[PDB]
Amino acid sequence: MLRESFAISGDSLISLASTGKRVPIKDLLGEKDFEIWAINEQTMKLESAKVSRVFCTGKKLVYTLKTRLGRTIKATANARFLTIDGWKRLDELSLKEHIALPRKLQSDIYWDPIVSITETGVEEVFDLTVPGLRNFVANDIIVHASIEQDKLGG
């Protein structure tokens, strides 16, 4: 299973680096070893990175997060986003935070303030594991990847 879940709504659109297409994460549950876009925090550049496994974490409460440019995602309270002061849980974010977005359309990260965080409802939620960089782009937002438990029990 997962050591810890940072799950997001199944409707979240995952940018697939190989094909340049976006696919809802719920539709990736039976897929593995495909490439996503992830931030390398050491270089602040986006890199292609391989997903090892997709997980369905069950029904959970989700919250809609919105940034100024209009980026939006539905995620659990435990999903993590990258702020100027490091990774934070969705339920730790406030309107004073900026979150990291991949640049769209010089740097690779654009920092955008949060304008809304709202409880939305209960949905099936999903996680990706991304060994190494441990993050991926969903709905054009950087989100942290979950951590799989060691096969022996971890």
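The numbering used is simple: start at 1 and walk along the sequence shown.
In this crystal structure, the stretch out of 95 to 103 and 125 to 133 whose C-alpha atoms carry the higher mean B factor is 95 to 103. A summary of the deposited B-factors shows that, of 86 to 94 and 64 to 72, the stretch with the larger mean C-alpha value is 64 to 72.
Based on the entry's C-alpha B-factors, the most elevated value among 115, 56, 28, 51 belongs to 115.
Remark: residue 46 belongs to the middle third of its chain, ranked by C-alpha B-factor as recorded. Split the chain's modelled residues into thirds by C-alpha temperature factor. Residue 20 is in the highest one. When the modelled residues of the chain are ordered by C-alpha B-factor, residue 33 sits in the middle third.
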